[PDB]
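Inside the fold
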Amino acid sequence: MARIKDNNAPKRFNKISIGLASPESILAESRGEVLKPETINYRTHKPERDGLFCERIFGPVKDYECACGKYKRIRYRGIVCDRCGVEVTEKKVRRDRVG
Amino acid sequence: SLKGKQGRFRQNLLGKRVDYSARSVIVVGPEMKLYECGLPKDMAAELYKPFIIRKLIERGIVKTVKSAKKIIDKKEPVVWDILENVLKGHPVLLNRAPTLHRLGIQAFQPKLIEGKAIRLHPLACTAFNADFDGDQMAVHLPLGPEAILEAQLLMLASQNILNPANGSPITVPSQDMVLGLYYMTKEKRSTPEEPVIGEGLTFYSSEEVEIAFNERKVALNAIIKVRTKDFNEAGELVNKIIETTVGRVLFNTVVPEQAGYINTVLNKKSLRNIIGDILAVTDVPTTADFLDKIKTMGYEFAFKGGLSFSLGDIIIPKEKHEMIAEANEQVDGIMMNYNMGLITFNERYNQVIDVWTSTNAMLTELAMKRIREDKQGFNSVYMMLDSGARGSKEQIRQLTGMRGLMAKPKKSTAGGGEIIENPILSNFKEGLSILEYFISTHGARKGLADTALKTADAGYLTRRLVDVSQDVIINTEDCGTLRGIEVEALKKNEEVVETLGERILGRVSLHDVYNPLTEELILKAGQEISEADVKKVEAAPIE
Amino acid sequence: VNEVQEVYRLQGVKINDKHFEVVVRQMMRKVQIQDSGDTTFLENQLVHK
Amino acid sequence: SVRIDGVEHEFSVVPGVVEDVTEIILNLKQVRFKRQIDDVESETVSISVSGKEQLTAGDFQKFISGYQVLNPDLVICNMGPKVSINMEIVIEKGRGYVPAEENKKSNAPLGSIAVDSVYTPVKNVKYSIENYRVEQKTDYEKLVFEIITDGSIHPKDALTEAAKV
Amino acid sequence: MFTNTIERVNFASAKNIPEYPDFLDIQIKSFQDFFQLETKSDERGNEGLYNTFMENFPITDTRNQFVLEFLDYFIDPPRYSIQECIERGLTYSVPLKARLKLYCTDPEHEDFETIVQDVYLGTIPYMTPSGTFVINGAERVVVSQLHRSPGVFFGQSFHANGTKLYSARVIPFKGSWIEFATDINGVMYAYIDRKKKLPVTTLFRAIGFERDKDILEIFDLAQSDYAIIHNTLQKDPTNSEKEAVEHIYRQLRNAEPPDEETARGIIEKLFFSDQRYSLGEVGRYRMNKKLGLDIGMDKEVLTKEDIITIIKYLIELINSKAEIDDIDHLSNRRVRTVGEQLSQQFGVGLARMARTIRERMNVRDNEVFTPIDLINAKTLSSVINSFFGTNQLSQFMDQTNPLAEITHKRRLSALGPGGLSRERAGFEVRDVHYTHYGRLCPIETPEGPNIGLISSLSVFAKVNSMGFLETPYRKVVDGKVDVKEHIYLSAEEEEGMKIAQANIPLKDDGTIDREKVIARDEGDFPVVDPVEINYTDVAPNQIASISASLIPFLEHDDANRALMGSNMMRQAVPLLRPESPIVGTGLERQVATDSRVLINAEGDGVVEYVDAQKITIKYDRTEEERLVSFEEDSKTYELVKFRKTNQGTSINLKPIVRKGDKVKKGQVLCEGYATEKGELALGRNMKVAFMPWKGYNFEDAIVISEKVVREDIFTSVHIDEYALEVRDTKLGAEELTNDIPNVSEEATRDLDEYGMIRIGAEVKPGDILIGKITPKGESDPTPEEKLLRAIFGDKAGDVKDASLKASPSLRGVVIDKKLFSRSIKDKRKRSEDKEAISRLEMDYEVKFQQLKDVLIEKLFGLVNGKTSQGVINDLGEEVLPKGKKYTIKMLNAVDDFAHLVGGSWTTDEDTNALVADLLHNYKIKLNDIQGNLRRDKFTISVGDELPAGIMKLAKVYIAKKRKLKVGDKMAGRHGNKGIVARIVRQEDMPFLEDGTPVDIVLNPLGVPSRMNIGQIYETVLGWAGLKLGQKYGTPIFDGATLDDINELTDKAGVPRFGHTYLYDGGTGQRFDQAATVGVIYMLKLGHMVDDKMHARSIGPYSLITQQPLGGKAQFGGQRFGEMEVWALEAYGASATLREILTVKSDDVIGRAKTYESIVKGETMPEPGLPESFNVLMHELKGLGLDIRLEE
Ligand SMILES: [Mg+2]
């Protein structure tokens, strides 16, 4: 399959700036808040909701499939499921979304 | 997750594994050119897979990448036909670990070959420190046009003739090549037992010399007279009759013209100097062509001579027993002198060591003389040693004379290893006794352990130097400083080790320099010191 | 430079002096401050020239 | 190609036979053939030998029609008196050496084992050059040729074919 | 005379060479001493497992009410054979059963009957007859450890200020270390476990020297010599025994003692308690010898006199009146054999078992229990299995060739637990010592980081009971050598003795025939008269190992090249047709015989039947042996055919004997596996010419003829074993089948009903070998998948393809398939199994009855008409009445014949011995039949044994016939390694005046710099032998001389030194100079090009780093690290470095776009951010630092 053109253009930069992180900045970059200390369910191996591996905050584990399975395949790209709150997108997003 | 050797910085950012890469065993492709490497068919097919796919879709044979992959996996002849064109103009990069200098990665033009081993040009071995006893090399394929041009114009083997450390040539012929060139360029004089064909003849040019050699009317090592171009005392190119050798004429047939006439017996040192001079007077491509031609000539004339290693070439002197006996009587004299209290224990030990080392030196000299005068200097072992192809004076001494004194393995914390008063009398031709072999095992194991343990320390020193010097990059053409360094000839113990011209060669002059005797402008401020300026300075009384 | 080059020379290896000169230049890029004056720096501090 | 009944790969063993299938294959590689019938380029030979204590190349002769075994004394394998050996060999024409990889036919029946083929008929060629005197000139050369063949081609015919090439 | 024995012309001059000690003694003898299986129960000596049980028994509870006593141990036949264990991936183990007696000593518990019961202690892995252990189906060797001997060593160390520091270290066999060391201030301290230092005067007070007067009376306080004691007293903070003991308690436990008794007890348990501290016999002997004390050997704890003597010796050591101990001296290095290590592991396991038992009977005081309820066999089984599985000394067996095997079994390792580490290994330990002569091979040691740390035992060396190395010498009196007997001398016994070489000239009476003879005296080699000799060497090859003893003309080769050759022959691949060297040493036959890989005849006999699969021999038996043994006179041996080794090589044994041949004990029955006709044949004899060949032999490259490939000279067979385990998962049980979804019928055509590739099928890269389907969680099929299902009609179930596939470099033929399946115990299946066990029990009981009445017949035949003296059972019951003549009826009245251990049968001692042997063989046969019954019972009940969680184990064997090709590594026996550069046509190869071409060409430039003339000598002598049709044996230092080779070449018509004029194959012109031509013995090494070529465009990527994977098996790319990046930076290759760091390694979008652009011919996309930088940025953001990319 031809890889989708990720329209997030490679950020051109020649300078690296560092500094203290404001709480407002952390809230702006964060995709959600983590309430429960549980990581996954030991039986179904699915991530617990609002956990350290939750799919509503960090992204779906399976490509183009929501947590509850209501929406599947690429045809629902960009849609957030009303039942589980998980966006239908690539698994690669689980490397960039921050809580 | 950040600090430490296992943090992100030093673990996942400074090194990585790459695609479009390969690795196999390397074999010698002596028929190849300096910029060419032999590439096995499977390796080339896998590395150049997307290019072959592109050409398959362009040819209309397959409309999809899947069908192209199916065709490539079946190894059809059309795949080879396309790969032959794809290889052209698309060099690969050859790397052997450890990469101690930048010559550890070089660009070569790939050629399809049979088998599963990569073919390497012999002249790149010295730069790669690669032999053919089981070594492997990694193959890296540049993709973009910038990378391909970068490889062709900076990393091509033909462009990397010089050593960046000192500027001396690094693609110097070695072993077989040097031995063959030495054999061809050596002279042989006529004797009543072995007359030399064609000695004393005069020739109008190299053309008649080649005609006579091909007609077998003149020997390869015959001393002849030929008329050809050579520099005169003024530095101009004129014809003159010069006494030479047929092999030397044949060698000069491929020498670039501007270098004059080369009329010396070829060894590794003289060959390096000749390549340096040729590159000084000509351009890099001409020097590369010269290197290829002399490589082929040396290989051919080493093959034709059938130069071998036989027990007859290892001539143990007939006087070996007599001087061993004389050393034994001298040691007995020292021992009886000690027993009567005339000398001390340390004095007796020193005298015995002196006697044994004098005997070893005399035996080495006698053995070298015998092997040298054998067959008018055409003994194969002597030709191997004198040319610099392989072997040293000490190794020939061990094969012919006596292995000599050995150091004890004692664990003395204060002093070093003491020398055994009884040396290894026997050599490898005569065979060592059980005791002598057990003695030599100590030194063998010590050397292996030392090398294996200090390679890593040398690597750590290299890493620290790279870390401290990485940020030095030539960014401006001239900073206009009036400050400089005053350079003089390096003298150690009344001996000039580095000449003034050699040290100042390649530098930029601070101020103008005038000849103190003739007031001529030798050097201009802001100008590079070329070789001609080096000669002018060496001629003038400048220190 | 002379000492390092002599040690390398004893083993029969020829390396140009310019490499050691480049390294020694980086080895001498800092100064030690003896009096801060009114400046931002601190006593016995190593700073870039 | 060779197919021994009950043997599926070259790394097996025939019951009652001292030599494994690998040694049988290496011995079969050494059999030499001389053409007896013209225009015969390939022949399939079915061999069934029983009641013998030793299978020699001459035992193949009763089944081969177009070719003649030049070394019938070559022992293929040692068997027991109650061992029955049923093997099928294919004889073809070629030049030089063809490895067993190239001899593998995709339409071959199951159990067929391809073998290396050394097709060369000449074992040794030795030549010498001696001076020859014609009238007053002693510089003329005389050539002597000594050729050792396997018997498939006569030395004179070998010289003629080399000259033809 | 034997028909198939190779006769070799031996050039040896040394005489009276005694037989080589068995090369596998260091393993087999030690293990037999450990277990004592062949020894009868009443004759079992006090060594090995019996002492292991004695030291841990009897086990008594805290109240001394229950006593658990050990009586005897018995071992059952193993549940599986060696071949079965290798095939099934199991450990060759034997069950252990122990007879234990339990009784209660409390009179309040008189109702507690004494219980004697046989307790199954678990499975113990058993050693193979070849000296190996099969662990998890793979052979392993417990390499002997060379560790520091128990005792006290006086060492000297230098402080940072240069002051000399003297120390005395006592290491026990079992217990804590104690070290007496001096400081920079002249005050010496005693270190306990190196934790905290205590002045030794405090220890003296603690051990009973309360006052300063007693301590000074110890040393009789020459005052300047003993000033250290006065300084230590001055630095002593204690004055009485109580104060000293309390201070020691505070220093050790970092807390105040609750009372004086516990503080004293800590010292007592630390240094004077048998349970916690043990010097051992070796340690006690060494300390008694070196300290001049005469303490009895029965005391294994430290004593006051030992401490006083050690301190006195240290004081004189400081005074330079004593010498420091050499750590590398082999008196100070002791060999820990396999039996000793097994003894330690069993001791630890039994200690844990004893503690568990003690806890249990402390809990079960008022309950009636049996010893079975007290013992968990897992406690011992887990310890032994952990030692065999995770310890460093239990290493993977080197099974490339018999030489490698026999060298591995004779290897001595200084690493492992209790040894040295590579980082702590200095130059001194790695060095060769003078005590290595005849004990450790000075030539054979691995190259790299392990040089000197891994050593090989010499040919004649053995390990004594104490664990030190001895090598045989011949005693000399008044210059006369005793040529009949030899005495083994240890390293401690060799000090002060002057030793001469084995090949010294003797008269017919044994007197030395030299005026002055070189002698070995410790580390020096002085010259002495024949009167001054004490001992002499025994064999010329006494210093060399087995490998170093297989190099002809080794005395002409440099020591480094000898080392390389010794290492390289152990890498020689077994050839399809091995050929014994024309120029050998003569050790090949002994190596093949002692390797025990070849089937050896157990006795004199006649072969009945010879086949590629089995050999039958009717062994010659005497009449009493027939009367006493239960077995038939004919024994059948199954030959090993195409068995995979650890390194992938193949073991193929072919019988060399014919029908009717006569054999004797020890004869080799089969050739193969790098052996030919009973001699080790690692390679092939090859015609060689030494000349440069057009530069194709440049820099150690090798030019070879096409006749090598044509005639299969260097063709070898390798076998690869691939295993696929089926497992029960959460989504369901995995299945093996040929119905693999999304796979064409062509790819599965070779698969059977179980998904396994058909036997004999050709394996090509990517072919399916074992088809496996993993159940898939319910997922809606993709529209493409649904369309494919609708079109092709394939009923693709909810399973995923997980079939094991052929690697891209795999090409071969399947030669074996094996499938072990766990039986699913269903109710009907359980009932059927129960009925099967019932029927098997009836049949086996019939078998026991048959065995019993043949017992009756043989016993009656032995004792017919004689009187019974009373034979007592193990319970003391007298079964055969004394004074009654033996009758058939009364012999039929004995219920159990396996348990008569007491009483006498007849007056005739010969008859009694015959009856005892008959009963012993009956016990063996009954145990074998019982083990067979147990094995079939296990087979019916559980079936194939598999690891937990695995229902079926599928294995497929693929054989690879690998011919010699360009890139393959060949090497001689003299260190001349090389790579085949060109396979040259026989018409182009150099040929002699006779028209015969040479077979291989070697570069003459490789010899003079490496000083290996032994290859030259071998070349000439091999040419002489090939022309004369002879084979030669060349012992080292006593081998063929130049004059002998010259005579042989003159007889063979070979030019002297092999110097002959060759002719070019291409032009026909004679070469200008003569070349050295002859026959050299060449080996094919395992560094073959088929396993080393690798190429990747794209492939799998890693999880976290997203980098391409590494390794050939994973189809990964090469590593491009820091130094090569420095090279790119030096070249100024900016774009190449950028492309490599991003779009070839970890730019996920960039690599795909680059591949698409290359395929479609578009301009290359700009590199993106590497994933490693993304990870770094994400970590820095998670750590709370705001990082932004600014343009
Ligand atoms: Mg190498």
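Residues numbered from 1 in each chain as written, not as in the entry; some residues may be left out. Chains lettered and ligands numbered in written order. Part of a larger assembly, values for the part shown. Heavy atoms only, no water.

Quick look at the overall build of chain D
Let me state the cut-off plainly: Secondary structure follows DSSP: runs of H or I at least 4 residues long count as helices, runs of E at least 2 residues long count as strands, and numbering of each begins at the N terminus. Here the globule rule reads 2.2 Å times residues to the power 0.38, and the radius of gyration is calculated from C-alpha atoms. A 1.4 Å probe rolled over the protein chains alone gives each residue an accessible area, and that area as a share of the maximum for its type sets the label: buried under 20%, exposed over 50%, partly exposed in between. Any two residues whose heavy atoms approach within 4.5 Å at even a single point are treated as in contact. Surface accessibility follows the Shrake-Rupley procedure with a 1.4 Å probe radius. Residue values consider only the protein chains on display as shielding.
From N to C terminus, chain D includes 2 helices and 11 strands. Taken from the N to the C terminus, the helices and strands of chain D come in the order β-α-β-β-β-β-β-β-β-β-β-β-α. Taken over the C-alpha trace, chain D has a radius of gyration of 21 Å; the compact-globule value for 165 residues is 15 Å, which it surpasses by more than 25%. Seen along its three principal axes, the alpha-carbon backbone of chain D occupies a region of about 75 × 35 × 30 Å. Put simply, chain D has 165 residues, and 38% of those count as buried. Of the contacts formed within chain D by residues at least 6 apart in sequence, a portion of 61% connects residues at least 24 apart. Put simply, chain D shows about 9900 Å² of open surface, and 47% of that area lies on carbon and sulfur atoms.

Points about the interface of chain E and chain B
The test is simple: Here the buried area means the combined drop in accessible surface, using a 1.4 Å probe, for two parts upon being joined, counting both sides. A pair is scored as a salt bridge if a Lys or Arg side-chain nitrogen falls within 4 Å of a carboxyl oxygen belonging to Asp or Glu. Definition of a polar contact: a pair of N or O atoms within 3.5 Å, with one able to donate and the other able to accept a hydrogen when the atoms are protein atoms, and with sequence-neighbouring residues admitted only if both atoms are side-chain atoms. Residues are sorted three ways: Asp, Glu, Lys and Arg are charged, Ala, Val, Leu, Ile, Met, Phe, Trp, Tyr, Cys and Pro are nonpolar, and all the rest, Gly among them, are polar. Between any two strands, at least two bridges found by DSSP are needed for them to pair.
In this assembly, 140 residues from chain E lie in contact with 130 residues from chain B. Summing the contributions of chain E and of chain B, the shared interface buries around 12300 Å²; its carbon and sulfur component is 63%. Linking chain E with chain B are 8 salt bridges, by the criterion used here. Ionic pairing is found between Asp 328 of chain E and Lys 411 of chain B, a salt bridge with its closest N-O pair at 3.3 Å. At the boundary of chain E and chain B, one finds 56 residue pairs in polar contact. Sort the elements by how many residues they give to the side of chain E that touches chain B and helix 26 (residues 1122–1131) of chain E lands first, with 9 residues. Among the residues making up the side of chain E that touches chain B, the classes are represented as 74 nonpolar, 35 polar and 31 charged. Sheet topology note: the strand 1 (residues 16–17) of chain B/strand 59 (residues 1119–1120) of chain E ladder contains 2 bridges and is antiparallel. Its bridge partner being in strand 59 of chain E, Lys 16 of chain B is matched across the sheet by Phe 1120 of chain E.

What about the packing of helix 21 (residues 827–863) of chain E against helix 23 (residues 909–941) of chain E?
All names here are of chain E. How we decide: Note on geometry: axes are C-alpha line fits, over the in-contact stretch for helices, and angles between N-to-C directions span 0 to 180 degrees. Any angle between 65 and 115 degrees counts as roughly perpendicular, while under 35 counts as roughly parallel, over 145 as roughly antiparallel, and the rest as oblique.
Where helix 21 contacts helix 23, the two axes come as close as 11 Å, and the packing angle between them is 175°. If you check the angle between helix 21 and helix 23, you find them roughly antiparallel. Here the residues of the contact of helix 21 with helix 23 are counted per class, giving 18 nonpolar, 4 polar and 6 charged.

Here we look at the sheet that holds strand 14 (residues 333–336) of chain E
All names here are of chain E. A sheet is described by the order of its strands in space; here 4 strands give the open sequence 14-8-16-17, paired in mixed fashion. The sheet is open, and its two borders are formed by strand 14 and strand 17 (454–456), each paired with just one other strand. In this sheet, neighbouring strand axes are inclined to one another by 35° on average, regardless of whether the strands run parallel or antiparallel. Bridge count for strand 8 (residues 144–148) against strand 16 (residues 411–413) is 2 bridges, and the pairing is parallel. Across the sheet, the residue bridging to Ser 144 is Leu 412, located in strand 16.

Section: the pattern of salt bridges
Taken as a whole and judged by the stated rule, the model has 99 salt bridges over all chains. Where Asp 42 of chain B meets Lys 116 of chain B, a salt bridge forms, and the shortest distance between an N and an O atom there is 3.7 Å. Note that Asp 42 of chain B is positioned in helix 2 (residues 41–47) and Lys 116 of chain B in the loop between strand 5 (105–113) and strand 6 (117–120), a separation of 74 residues in sequence. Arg 250 of chain E is paired through a salt bridge with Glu 256 of chain E; the nearest N and O atoms lie 3.0 Å apart. For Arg 250 of chain E, a relative accessible area of 39% corresponds to the partly exposed category. By relative accessible area, which is 58% here, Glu 256 of chain E ends up exposed. Members of the salt-bridge network, linked through shared partners, are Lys 29 and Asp 116 of chain D together with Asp 712, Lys 961 and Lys 963 of chain E.

Structural notes on the side chain of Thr 616 of chain E
Residues and elements named next belong to chain E. Take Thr 616: it is sitting in strand 29 (residues 614–619). Judged by relative accessible area, which is 11%, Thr 616 ranks as buried. Discounting residues that sit within four places of it in the chain, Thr 616 has contacts with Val 606, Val 607, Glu 608, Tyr 609, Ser 634, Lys 635 and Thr 636.

Brief notes about the pairing of strand 7 (residues 136–140) of chain B
Here is the key point about a regular strand: its side chains alternate between the two faces of the sheet. All names here are of chain B. Of all 5 residues in strand 7, 5 are buried, a share of seventy percent or more. Along strand 7, one buried face is formed by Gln 136, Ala 138 and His 140 and the opposite face, lined by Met 137 and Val 139, is buried too. With 3 bridges connecting them, strand 4 (residues 92–95) and strand 7 associate as antiparallel partners. The residue of strand 7 that forms the bridge with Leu 93 is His 140.

Remarks on the arrangement of the chains
Inter-chain contacts occur across 4 pairs of chains; the most extensive set of contacts lies between chains B and E. Nothing in chain B touches chain D; the tightest C-alpha to C-alpha distance between them is still 14 Å. Spatially, chain C and chain E are disjoint, and the shortest separation between their C-alpha atoms is 13 Å.

Note that all results are geometric; they support no functional claim without further evidence.
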